[PDB]
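Engineer: Handing you this structure, nothing more for now.
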Amino acid sequence: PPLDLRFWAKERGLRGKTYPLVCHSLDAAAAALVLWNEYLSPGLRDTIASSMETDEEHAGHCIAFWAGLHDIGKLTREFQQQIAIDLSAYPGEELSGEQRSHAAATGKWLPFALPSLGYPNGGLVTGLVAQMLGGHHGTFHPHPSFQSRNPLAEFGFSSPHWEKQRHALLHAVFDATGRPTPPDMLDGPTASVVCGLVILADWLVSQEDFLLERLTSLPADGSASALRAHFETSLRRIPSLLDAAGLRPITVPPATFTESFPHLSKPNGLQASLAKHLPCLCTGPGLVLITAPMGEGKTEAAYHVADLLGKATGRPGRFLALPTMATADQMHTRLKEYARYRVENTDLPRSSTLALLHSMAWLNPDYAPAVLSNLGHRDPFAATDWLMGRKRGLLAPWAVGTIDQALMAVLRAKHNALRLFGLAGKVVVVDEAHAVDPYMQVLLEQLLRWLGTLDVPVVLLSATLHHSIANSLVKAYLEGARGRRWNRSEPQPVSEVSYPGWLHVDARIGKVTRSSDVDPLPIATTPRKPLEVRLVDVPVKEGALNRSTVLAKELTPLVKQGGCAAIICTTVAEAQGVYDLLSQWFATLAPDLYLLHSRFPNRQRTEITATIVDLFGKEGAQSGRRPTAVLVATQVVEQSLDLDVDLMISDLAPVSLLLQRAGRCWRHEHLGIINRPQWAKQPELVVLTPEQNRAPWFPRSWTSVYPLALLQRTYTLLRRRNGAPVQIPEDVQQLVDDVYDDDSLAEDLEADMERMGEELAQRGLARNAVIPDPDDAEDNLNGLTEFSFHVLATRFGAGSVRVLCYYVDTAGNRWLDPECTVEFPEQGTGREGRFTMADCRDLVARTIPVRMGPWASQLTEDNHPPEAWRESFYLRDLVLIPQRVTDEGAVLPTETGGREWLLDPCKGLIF
DNA sequence: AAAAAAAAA
Ligand SMILES: [Fe+3]
Ligand SMILES: [Fe+3]
């Protein structure tokens with residue numbers, strides 16, 4: 001039966017014309033063939049073809065065939081009738097009432113039509129292929145279950161008339177894709193990756209410009225030759241689609257370590273070790289763990305290892321995962337200049353974007369941009385509009401972003417196959433591994449498991465990391481590589497980690513090689529004085545600390561001779577108070593005071609951070625800008641601050657964090673450009689702690705952020721040391737390990753029990769969130785996107801919402817400032833009162849993250865933005881916090897949600 | 001009671 005072109009696949013946006021289902025099908029086939037050849041990493045074609053146990057050319061054709069069958073389910077009365085169409089010649093299959101999606105039809109039809117071409121009826125291959133294609137809008141469905149011997153009919157495909165056309169179309173794409181034979185073998189995780197591929201094919205050839213063009217040259221009839229021609233014409237056009245979307249591979253030539261960093265004069269201990277010992281080890285897929293301090297150039301080490309693992313696996317793509325948006329912003333810049341220098345300066349990639357992947361990237365004026373428009377004229381690595389979209393970010397050839405963007409691949413959620421696919425062709429590098437908590441850790445573990453089975457190499461960077469965590473992460477990777485999980489009797493892969501140190505895991509044979517194994521000698525780092533740690537008891541007034549006496553004593557030498565010092569507090573109110581205390585004291589004269597926590601407007605925090613890393617940081621010490629200054633802060637000090645302080649005062653915290661904090665003490669001493677006042681004899685950490693009145697007691701505010709047992713364990717650990725200073729990095733790992741491993745450090749058995757149960761809560765909630773282990777998804781993709789009864793989180797806990805303070809006078813008119821000069825925008829200044837990106841930028845610059853709590857259940861009408869803001873994705877979910885201002889001009893504490901709020905210019909948000 | 005992230009075809 002010659003096929004009927006009357007059946008459509010697209011209408012909308014086409015100016016009254018419709019695009020025939022055959023044509024869209026072949027476009028998709030052609031798009032997949034091109035993607036397979038010009039987009040996929042060489043080593044991913046190799047992994048995919050191995051699963052299917054056939055050659056790359058056959059694999060590709062199979063895949064092109066499948067992709068051209070994705071919308072076969074549209075060929076039904078239920079879909080076709082949505083527009084005007086003459087179906088007089090096709091009686092039967094009357095509307096069932098089911099309202100069943102075209103992608104579900106596809107998966108319901110294919111299992112029972114595919115055998116007519118060679119596929120095994122009831123076969124594993126047949127089932128997966130159908131299920132995968134049914135998942136093409138991001139949701140997988142169950143295998144079709146049926147009770148009769150006529151499954152086609154049982155599922156609604158009962159018209160012989162409609163059935164010939166469904167078969168004509170099946171044979172048409174089969175013919176155009178070279179009639180490939182069915183593969184012998186196919187498996188879940190492979191199929192899930194191919195699905196992402198079929199999705200990217202649908203998306204690319206669905207762009208209105210592409211469709212409006214193809215509409216000029218539709219085939220004349222449904223003849224084989226007209227259809228062969230359409231396919232070929234579409235083949236011709238797909239590479240321009242890759243160039244326009246920014247998707248071309250970025251390949252970097254092999255080089256030595258010094259060739260790759262020519263402005264690096266002295267290669268480091270770490271660096272010399274890795275570059276010397278790893279190339280022999282990197283023979284194929286595998287994991288490298290590197291644990292080392294700051295200032296040891298782990299960054300340059302990782303780039304080099306990534307290129308090694310890259311070449312070995314035929315994976316030129318990169319994804320670098322960062323703990324924060326700020327650090328991802330920094331690294332994206334770093335990675336860009338590296339790529340500029342490294343790629344052949346003659347042949348710049350002008351149609352290959354290096355993407356930045358996080359939720360605040362759109363509002364980045366550097367990154368965000370301001371069709372075949374300007375093809376081959378963009379700046380190399382520049383962000384493309386296409387790659388701004390949706391869940392496309394991980395399809396960029398190189399990308400840097402939050403670890404969260406990688407974790408979303410293994411969460412039960414729509415289009416997680418897309419992110420799996422985008423990751424599958426890359427080398428993935430996760431930085432700051434020691435910073436992922438138990439919940440994130442179970443997610444990182446399922447990710448590692450899935451990368452392992454997909455042959456993607458992984459570099460894990462960490463500061464000092466507990467051996468149990470290191471073990472978990474390498475065990476998961478290995479579990480994926482080898483196709484089965486660990487036994488209770490099987491010996492652990494990592495029983496000790498050293499700091500500094502590194503480790504390599506071969507996916508194939510499962511062998512773990514430590515650095516100590518290949519050189520007995522320890523790796524040399526920057527020599528530093530041992531860190532002095534001193535416990536100072538602090539009096540307690542009304543369950544809180546009276547830091548008064550102690551702050552006076554320890555800071556007095558600073559008031560005389562100068563120097564930089566930092567006071568770290570466990571909560572915001574505590575930091576807010578301490579700043580008030582030193583505010584009043586310093587009023588009696590010299591020296592500078594600063595305050596940083598999370599509760600400042602975005603612009604003001606970027607401001608405070610900048611003048612702070614400026615004064616205390618490397619560039620300030622090198623510019624002679626370092627003052628002759630006291631920082632008050634919360635755990636913001638823990639991430640991403642270039643600071644060098646002469647003294648640090650911290651509340652008690654888990655040693656891991658207390659050691660991380662103390663990384664600021666004399667951070668840049670080796671560079672003898674730095675003047676330390678006389679009283680600064682040693683690098684020293686003063687740990688504050690309540691004076692007790694038999695297992696240590698701590699303020700409730702502290703035990704709300706850290707587990708009491710953990711505090712107790714750390715206190716005991718440090719007391720036991722009797723004033724002895726900490727050799728860095730010599731005693732570091734020991735302390736990290738023992739604070740958990742040593743049970744005599746926990747005298748309060750009830751609290752230690754509550755701590756382990758809390759961690760059990762975290763791991764278990766994560767275990768519910770993630771997709772199945774690759775071995776559980778072998779013959780069935782359905783649990784990848786299955787959930788019932790809300791979006792699943794990449795981080796544990798209640799989360800935050802951004803708030804926007806506005807101000808009211810006694811009318812009351814509403815203003816954005818306390819002066820009441822800048823009016824509150826009901827509308828934004830764009831044509832037709834619509835908000836621009838610039839509007840959203842200047843607005844989001846004033847917002848503040850607030851921790852979720854009871855207050856959010858008690859909001860009213862005047863806490864919600866106007867009708868107009870409901871339009872903008874960026875402004876929609878904001879919460880307004882009113883601030884009364886008197887006619888005299890004073891700003892008053894103002895009720896919202898059952899408490900009072902006050903935005904102070906020096907202390908930020910108070911409640 | 002910290003910090004941290006987070007419309008497609
Ligand atoms: Fe579709
Ligand atoms: Fe489609």
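Following the order of the structure tokens, first chain is A, next is B, and so on, with residues numbered from 1 inside each chain and ligands from 1 in the order they appear.
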I need the residues in region 627-754 of chain A that are strand (DSSP E or B) according to DSSP; give them as a count of residues only.

Structural biologist: 19

Engineer: Would you give me, as a tab-separated table, each residue of chain A having an atom within 8 Å of an atom of ligand 1, along with its shortest atom pair and that distance in Å to one decimal, using only C-alpha atoms and all ligand atoms and sorting by chain and residue number?

Structural biologist:
residue	atom	partner	partner_atom_place_in_ligand_line	distance
A:70	CA	ligand 1	1 (Fe)	6.4
A:71	CA	ligand 1	1 (Fe)	4.8
A:74	CA	ligand 1	1 (Fe)	7.7
A:102	CA	ligand 1	1 (Fe)	6.6
A:103	CA	ligand 1	1 (Fe)	5.9
A:136	CA	ligand 1	1 (Fe)	6.5
A:137	CA	ligand 1	1 (Fe)	6.5
A:202	CA	ligand 1	1 (Fe)	7.4

Engineer: Give me a file of those residues, with N, CA, C and O atoms, as an mmCIF file, in the first residue's frame.

Structural biologist:
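The result, stored in result_7.cif:
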data_model
loop_
_atom_site.group_PDB
_atom_site.id
_atom_site.type_symbol
_atom_site.label_atom_id
_atom_site.label_comp_id
_atom_site.auth_asym_id
_atom_site.auth_seq_id
_atom_site.Cartn_x
_atom_site.Cartn_y
_atom_site.Cartn_z
ATOM 1 N N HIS A 70 9.769 7.158 16.488
ATOM 2 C CA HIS A 70 9.327 7.729 17.750
ATOM 3 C C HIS A 70 7.885 8.245 17.724
ATOM 4 O O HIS A 70 7.130 7.977 18.647
ATOM 5 N N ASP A 71 7.497 8.972 16.676
ATOM 6 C CA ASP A 71 6.141 9.501 16.609
ATOM 7 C C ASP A 71 5.152 8.593 15.880
ATOM 8 O O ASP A 71 4.109 9.067 15.438
ATOM 9 N N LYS A 74 1.377 8.785 16.671
ATOM 10 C CA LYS A 74 0.522 9.895 16.217
ATOM 11 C C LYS A 74 -0.414 9.421 15.125
ATOM 12 O O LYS A 74 -1.378 10.112 14.787
ATOM 13 N N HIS A 102 0.470 10.137 22.358
ATOM 14 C CA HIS A 102 1.045 9.536 21.169
ATOM 15 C C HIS A 102 2.289 8.731 21.509
ATOM 16 O O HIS A 102 2.555 7.709 20.869
ATOM 17 N N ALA A 103 3.042 9.157 22.525
ATOM 18 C CA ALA A 103 4.244 8.405 22.896
ATOM 19 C C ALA A 103 3.897 7.088 23.595
ATOM 20 O O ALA A 103 4.665 6.140 23.565
ATOM 21 N N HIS A 136 10.020 8.984 24.777
ATOM 22 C CA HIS A 136 10.615 10.139 24.092
ATOM 23 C C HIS A 136 10.153 11.539 24.513
ATOM 24 O O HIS A 136 10.710 12.519 24.062
ATOM 25 N N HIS A 137 9.163 11.639 25.384
ATOM 26 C CA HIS A 137 8.804 12.928 25.964
ATOM 27 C C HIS A 137 9.168 12.962 27.458
ATOM 28 O O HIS A 137 8.722 13.833 28.204
ATOM 29 N N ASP A 202 14.565 14.573 17.951
ATOM 30 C CA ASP A 202 13.222 15.207 17.873
ATOM 31 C C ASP A 202 13.343 16.733 18.005
ATOM 32 O O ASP A 202 12.818 17.496 17.181
#

Engineer: Using only C-alpha atoms (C1' of nucleotides) and all ligand atoms, which protein or nucleic acid residues are at most 10 Å from ligand 2, as a list in words?

Structural biologist: residues 9, 10, 21, 24, 25, 27, 28, 67, 68, 69, 70, 71, 72, 74, 102, 103, 136, 137, 198, 199, 201, 202, 203, 204, 205 and 206 of chain A; 9 of chain B

Engineer: Based on the selection just made, write N, CA, C and O atoms (P, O5', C5', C4', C3', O3' and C1' of nucleotides) of those residues as a CSV table (one decimal), in the first residue's frame.

Structural biologist:
chain,number,residue,atom,x,y,z
A,9,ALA,N,2.3,15.5,11.4
A,9,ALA,CA,3.1,15.5,12.7
A,9,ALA,C,3.2,16.8,13.3
A,9,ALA,O,3.6,16.9,14.5
A,10,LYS,N,3.1,17.9,12.6
A,10,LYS,CA,3.2,19.2,13.1
A,10,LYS,C,2.1,20.1,12.5
A,10,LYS,O,1.7,19.9,11.4
A,21,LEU,N,3.5,13.5,8.8
A,21,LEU,CA,4.2,12.6,9.8
A,21,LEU,C,5.3,11.8,9.2
A,21,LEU,O,6.3,11.6,9.9
A,24,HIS,N,8.5,14.4,9.2
A,24,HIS,CA,9.1,14.5,10.5
A,24,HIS,C,9.8,13.3,10.9
A,24,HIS,O,10.9,13.3,11.5
A,25,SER,N,9.2,12.1,10.6
A,25,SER,CA,9.9,10.8,11.0
A,25,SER,C,11.3,10.7,10.3
A,25,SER,O,12.3,10.3,11.0
A,27,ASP,N,13.1,13.1,9.1
A,27,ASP,CA,14.0,14.1,9.7
A,27,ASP,C,14.6,13.6,10.9
A,27,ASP,O,15.8,13.7,11.1
A,28,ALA,N,13.8,13.0,11.8
A,28,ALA,CA,14.3,12.5,13.1
A,28,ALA,C,15.4,11.4,12.9
A,28,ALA,O,16.4,11.4,13.5
A,67,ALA,N,14.9,6.1,15.8
A,67,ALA,CA,14.5,7.5,16.0
A,67,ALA,C,13.4,7.9,15.0
A,67,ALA,O,12.6,8.8,15.3
A,68,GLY,N,13.4,7.4,13.8
A,68,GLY,CA,12.4,7.7,12.8
A,68,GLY,C,11.1,7.0,13.1
A,68,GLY,O,10.1,7.1,12.3
A,69,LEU,N,11.0,6.2,14.2
A,69,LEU,CA,9.7,5.6,14.6
A,69,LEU,C,9.1,6.2,15.9
A,69,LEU,O,8.0,5.8,16.3
A,70,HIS,N,9.8,7.2,16.5
A,70,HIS,CA,9.3,7.7,17.8
A,70,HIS,C,7.9,8.2,17.7
A,70,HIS,O,7.1,8.0,18.6
A,71,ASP,N,7.5,9.0,16.7
A,71,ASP,CA,6.1,9.5,16.6
A,71,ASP,C,5.2,8.6,15.9
A,71,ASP,O,4.1,9.1,15.4
A,72,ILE,N,5.5,7.3,15.8
A,72,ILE,CA,4.5,6.4,15.0
A,72,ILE,C,3.2,6.4,15.7
A,72,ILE,O,2.2,6.2,15.0
A,74,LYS,N,1.4,8.8,16.7
A,74,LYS,CA,0.5,9.9,16.2
A,74,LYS,C,-0.4,9.4,15.1
A,74,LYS,O,-1.4,10.1,14.8
A,102,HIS,N,0.5,10.1,22.4
A,102,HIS,CA,1.0,9.5,21.2
A,102,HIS,C,2.3,8.7,21.5
A,102,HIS,O,2.6,7.7,20.9
A,103,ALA,N,3.0,9.2,22.5
A,103,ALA,CA,4.2,8.4,22.9
A,103,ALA,C,3.9,7.1,23.6
A,103,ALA,O,4.7,6.1,23.6
A,136,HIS,N,10.0,9.0,24.8
A,136,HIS,CA,10.6,10.1,24.1
A,136,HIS,C,10.2,11.5,24.5
A,136,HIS,O,10.7,12.5,24.1
A,137,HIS,N,9.2,11.6,25.4
A,137,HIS,CA,8.8,12.9,26.0
A,137,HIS,C,9.2,13.0,27.5
A,137,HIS,O,8.7,13.8,28.2
A,198,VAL,N,17.6,10.0,20.9
A,198,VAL,CA,16.3,10.2,20.1
A,198,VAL,C,15.7,11.5,20.5
A,198,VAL,O,15.1,12.1,19.6
A,199,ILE,N,15.8,11.9,21.7
A,199,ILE,CA,15.1,13.1,22.2
A,199,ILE,C,15.8,14.3,21.5
A,199,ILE,O,15.1,15.1,20.8
A,201,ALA,N,17.5,14.4,18.7
A,201,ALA,CA,17.0,14.3,17.4
A,201,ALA,C,15.6,15.0,17.2
A,201,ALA,O,15.5,15.8,16.3
A,202,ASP,N,14.6,14.6,18.0
A,202,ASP,CA,13.2,15.2,17.9
A,202,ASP,C,13.3,16.7,18.0
A,202,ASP,O,12.8,17.5,17.2
A,203,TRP,N,14.1,17.2,19.0
A,203,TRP,CA,14.1,18.6,19.4
A,203,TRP,C,14.8,19.4,18.3
A,203,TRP,O,14.2,20.4,17.9
A,204,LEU,N,15.9,19.0,17.8
A,204,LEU,CA,16.6,19.7,16.7
A,204,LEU,C,15.7,19.9,15.5
A,204,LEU,O,15.7,21.1,15.0
A,205,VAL,N,15.0,18.9,15.0
A,205,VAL,CA,14.2,19.0,13.7
A,205,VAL,C,12.8,19.5,14.0
A,205,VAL,O,11.9,19.3,13.2
A,206,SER,N,12.6,20.1,15.2
A,206,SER,CA,11.2,20.6,15.6
A,206,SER,C,11.2,22.1,15.7
A,206,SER,O,10.1,22.7,15.9
B,9,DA,P,8.0,18.4,24.8
B,9,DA,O5',9.2,18.0,23.9
B,9,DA,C5',9.0,17.2,22.7
B,9,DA,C4',8.3,18.1,21.7
B,9,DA,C3',8.5,17.6,20.3
B,9,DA,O3',7.2,17.6,19.5
B,9,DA,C1',9.4,19.9,20.7

Engineer: Would you list the contacts of residue 667 (chain A) as a VMD selection string, taking every protein, DNA or RNA residue within 10 Å and counting only C-alpha atoms (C1' of nucleotides), but skipping same-chain residues closer than 5 positions in sequence?

Structural biologist: chain A and resid 294 to 295 528 617 to 618 642 to 646 662 683

Engineer: What does the file look like for those residues with N, CA, C and O atoms, as a compact mmCIF listing (two decimals), in the first residue's frame?

Structural biologist:
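Written file, again-v8.txt:
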# COMPACT_ATOMS: atom_id res chain seq x y z
N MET A 294 44.57 22.99 49.93
CA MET A 294 44.49 24.12 49.02
C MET A 294 45.88 24.63 48.69
O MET A 294 46.84 24.39 49.44
N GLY A 295 45.97 25.35 47.58
CA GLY A 295 47.22 25.92 47.11
C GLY A 295 48.17 24.87 46.59
O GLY A 295 49.37 25.13 46.48
N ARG A 528 54.46 24.29 55.91
CA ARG A 528 53.84 25.27 56.80
C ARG A 528 54.10 24.98 58.26
O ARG A 528 54.27 23.83 58.67
N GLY A 617 43.04 38.93 51.02
CA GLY A 617 43.39 37.89 50.08
C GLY A 617 44.77 38.01 49.47
O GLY A 617 45.60 38.82 49.90
N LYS A 618 45.02 37.19 48.46
CA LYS A 618 46.32 37.12 47.83
C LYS A 618 46.59 38.42 47.07
O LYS A 618 47.58 39.11 47.35
N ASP A 642 39.24 33.50 49.30
CA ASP A 642 40.65 33.80 49.44
C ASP A 642 40.82 34.73 50.64
O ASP A 642 40.66 35.95 50.50
N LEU A 643 41.10 34.17 51.81
CA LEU A 643 41.46 34.97 52.97
C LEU A 643 42.71 34.45 53.63
O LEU A 643 42.96 33.25 53.65
N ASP A 644 43.49 35.38 54.17
CA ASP A 644 44.64 35.04 55.00
C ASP A 644 44.49 35.87 56.25
O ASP A 644 44.58 37.10 56.20
N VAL A 645 44.25 35.21 57.37
CA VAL A 645 44.09 35.91 58.63
C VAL A 645 45.23 35.53 59.57
O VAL A 645 45.84 34.47 59.42
N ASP A 646 45.53 36.39 60.53
CA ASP A 646 46.68 36.18 61.39
C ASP A 646 46.23 35.40 62.61
O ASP A 646 47.01 34.62 63.18
N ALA A 662 40.18 26.77 59.58
CA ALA A 662 41.57 27.14 59.87
C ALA A 662 42.49 27.13 58.66
O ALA A 662 43.67 27.44 58.78
N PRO A 683 50.74 30.58 63.52
CA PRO A 683 49.37 30.40 63.01
C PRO A 683 48.52 29.72 64.09
O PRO A 683 48.89 28.65 64.57

Engineer: According to DSSP computed on the backbone, where in region 39-268 of chain A is there alpha helix (DSSP H)? Give the residues as number ranges by chain.

Structural biologist: A: 42-51, 56-67, 77-80, 102-109, 124-134, 151-154, 160-176, 188-204, 208-214, 224-245, 257-260

Engineer: Extract, using only C-alpha atoms (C1' of nucleotides), all DNA, RNA and protein residues at most 8 Å from residue 537 (chain A), discarding same-chain residues fewer than 3 positions from it, and format them as a PyMOL selection string.

Structural biologist: chain A and resi 688-691

Engineer: For the residues in the current selection, export C-alpha atoms as a PDB file, in the first residue's frame.

Structural biologist:
ATOM      1  CA  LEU A 688      35.408  28.672  71.721  1.00  0.00           C
ATOM      2  CA  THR A 689      33.453  26.358  73.989  1.00  0.00           C
ATOM      3  CA  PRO A 690      30.942  26.681  76.865  1.00  0.00           C
ATOM      4  CA  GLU A 691      32.217  26.223  80.398  1.00  0.00           C
TER       5      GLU A 691
END

Engineer: Excluding same-chain residues fewer than 5 positions from region 718-728 of chain A, what lies within 10 Å of it counting only C-alpha atoms (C1' of nucleotides), as number ranges by chain?

Structural biologist: A: 293, 499, 525-535, 655, 659, 663, 683-685, 687, 713, 733, 735, 739, 745

Engineer: Go through A:286, A:729, A:310, A:144 and flag the residue nearest residue 43 (chain A), using only C-alpha atoms for the distances.

Structural biologist: A:310

Engineer: Would you pick out the contacts of residue 5 (chain B) at 8 Å or less, using only C-alpha atoms (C1' of nucleotides), so that residues sharing its chain but fewer than 2 positions from it are not included, and give the list as a list in words?

Structural biologist: residues 324, 359, 402, 404, 794 and 795 of chain A

Engineer: Would you export the selected residues with N, CA, C and O atoms as a PDB file, in the first residue's frame, please?

Structural biologist:
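Dumped to out_1.pdb:
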ATOM      1  N   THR A 324      29.297  25.202  44.415  1.00  0.00           N
ATOM      2  CA  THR A 324      28.455  26.395  44.403  1.00  0.00           C
ATOM      3  C   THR A 324      28.348  27.063  43.053  1.00  0.00           C
ATOM      4  O   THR A 324      29.117  26.778  42.147  1.00  0.00           O
ATOM      5  N   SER A 359      21.231  27.536  38.122  1.00  0.00           N
ATOM      6  CA  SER A 359      19.936  28.231  38.105  1.00  0.00           C
ATOM      7  C   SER A 359      20.013  29.758  38.017  1.00  0.00           C
ATOM      8  O   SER A 359      19.022  30.396  37.686  1.00  0.00           O
ATOM      9  N   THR A 402      26.962  23.435  38.767  1.00  0.00           N
ATOM     10  CA  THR A 402      26.812  22.832  40.079  1.00  0.00           C
ATOM     11  C   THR A 402      26.828  21.312  39.975  1.00  0.00           C
ATOM     12  O   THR A 402      26.434  20.729  38.948  1.00  0.00           O
ATOM     13  N   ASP A 404      24.847  19.706  41.496  1.00  0.00           N
ATOM     14  CA  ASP A 404      23.417  19.477  41.421  1.00  0.00           C
ATOM     15  C   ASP A 404      22.944  19.144  40.026  1.00  0.00           C
ATOM     16  O   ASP A 404      22.018  18.360  39.860  1.00  0.00           O
ATOM     17  N   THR A 794      17.947  17.820  45.099  1.00  0.00           N
ATOM     18  CA  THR A 794      19.345  17.411  45.079  1.00  0.00           C
ATOM     19  C   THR A 794      19.983  17.658  46.437  1.00  0.00           C
ATOM     20  O   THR A 794      21.044  17.102  46.734  1.00  0.00           O
ATOM     21  N   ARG A 795      19.363  18.506  47.261  1.00  0.00           N
ATOM     22  CA  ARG A 795      19.827  18.684  48.652  1.00  0.00           C
ATOM     23  C   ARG A 795      18.760  18.447  49.736  1.00  0.00           C
ATOM     24  O   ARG A 795      17.604  18.867  49.589  1.00  0.00           O
TER      25      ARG A 795
END

Engineer: Would you kindly return, as an NGL selection string, each protein, DNA or RNA residue with an atom no farther than 8 Å from any atom of residue 425 (chain A), considering only C-alpha atoms (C1' of nucleotides) and excluding same-chain residues fewer than 5 positions away?

Structural biologist: :A and (40-41 or 43-44 or 315-317 or 456)

Engineer: Would you compute the distance between CA of residue 100 (chain A) and CA of residue 154 (chain A)? Give it in Å to one decimal.

Structural biologist: 14.2 Å

Engineer: I'd like the interatomic distance between CA of residue 145 (chain A) and CA of residue 8 (chain A), to a tenth of an Å.

Structural biologist: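 Those two atoms sit 29.1 Å apart.
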
Engineer: Mind giving me the straight-line distance from CA of residue 467 (chain A) to CA of residue 448 (chain A) in Å, one decimal?

Structural biologist: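 So the answer is 17.0 Å.
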
Engineer: Ranking A:788, A:611, A:291, A:675 by minimum distance to residue 631 (chain A) and counting only C-alpha atoms, which one comes first?

Structural biologist: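 Looking at the shortest contact to residue 631 (chain A), the residue is A:611.
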
Engineer: Which residue is closest to chain B? Choose from A:364, A:99, A:327, A:333 and count only C-alpha atoms (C1' of nucleotides).

Structural biologist: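 Between A:364, A:99, A:327, A:333, the residue approaching chain B most closely is A:327.
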